[PDB]
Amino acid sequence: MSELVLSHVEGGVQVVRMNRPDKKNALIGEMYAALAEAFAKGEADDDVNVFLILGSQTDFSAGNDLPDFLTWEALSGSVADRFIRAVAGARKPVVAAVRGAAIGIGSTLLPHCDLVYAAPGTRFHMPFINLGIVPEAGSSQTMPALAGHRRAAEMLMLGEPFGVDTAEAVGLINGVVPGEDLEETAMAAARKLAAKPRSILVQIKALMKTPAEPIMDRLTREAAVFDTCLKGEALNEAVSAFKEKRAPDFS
């Protein structure tokens, strides 16, 4: 319920844009709610294969609106918690395009995305410690996993901002793209995902995101899924299309 979040579907891609550009997309409760709603619609909508999350023309998100944030009674059960769970649990792929400010949740959300592109000026920051609080959105797990404990301590314990150099080096983003081409490029990546066979793609994502386990268990797990694929129409169409020297159509 706000014009602060815009959402629409094009060619199998649900575009979800934060739209409070005057405050650098600093988030408030109504935006979290609209964002959670957009994920729930997209997750249930058969015309949607992939999500694409965008910000303004100058910023992704400056994180929570600070006055608003100081009035939170809890994080547990809050609307912010709902949004984060909606993204962390999304079965469909999620692409993000970031630029300018990516602060707090603007950064800690990115590890739940499948692909992320950033503009040259992007500034990442997780300043929880400087507000007397702890990190959210699973960043206490995802950052050390990606960057190692020491480089993640610069982010979380020193509370220091970082740039695209570090973000790409630790695997937080896939690459840096000039702002004028950023949305087009992220959209091209979304389409390329949307042209894969959804039911398989979703299984791949779910396996990737399954907690790590003893290797023999994982082999068994992958193989069980794999067996089902051998019988499927997607494989059939992929082979057929390869033979006939054409692009597959997986609808």
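Position 1 is the first residue in the sequence shown; the rest follow in order.
Output the stretch having the higher mean C-alpha B factor in the entry; the candidates are 68-76 and 100-108. Between 68-76 and 100-108, it is 68-76.
Going by the B-factors listed in the PDB entry, is the mean over the C-alpha atoms higher for 128-136 or for 153-161? Going by the record's values, the stretch with the higher mean is 128-136.
Residue 87, C-alpha B-factor rank within chain (lowest, middle or highest third): Highest third of the chain for residue 87's C-alpha B-factor.
How does residue 188 rank on Cα B-factor within its chain, lowest, middle or highest third? Lowest third - that is where residue 188 ends up once the chain's C-alpha B-factors are sorted.
So where's residue 32 on the chain's Cα temperature factor ranking, which third? Tercile = middle for this residue's CA B-factor.
Which third, lowest, middle or highest, does the C-alpha temperature factor of residue 168 belong to within its own chain? Middle third of the chain for residue 168's C-alpha B-factor.
Just say lowest, middle or highest third for the CA B-factor of residue 81 relative to the other modelled residues in its chain. It belongs to the highest third of the chain when residues are ordered by C-alpha B-factor.
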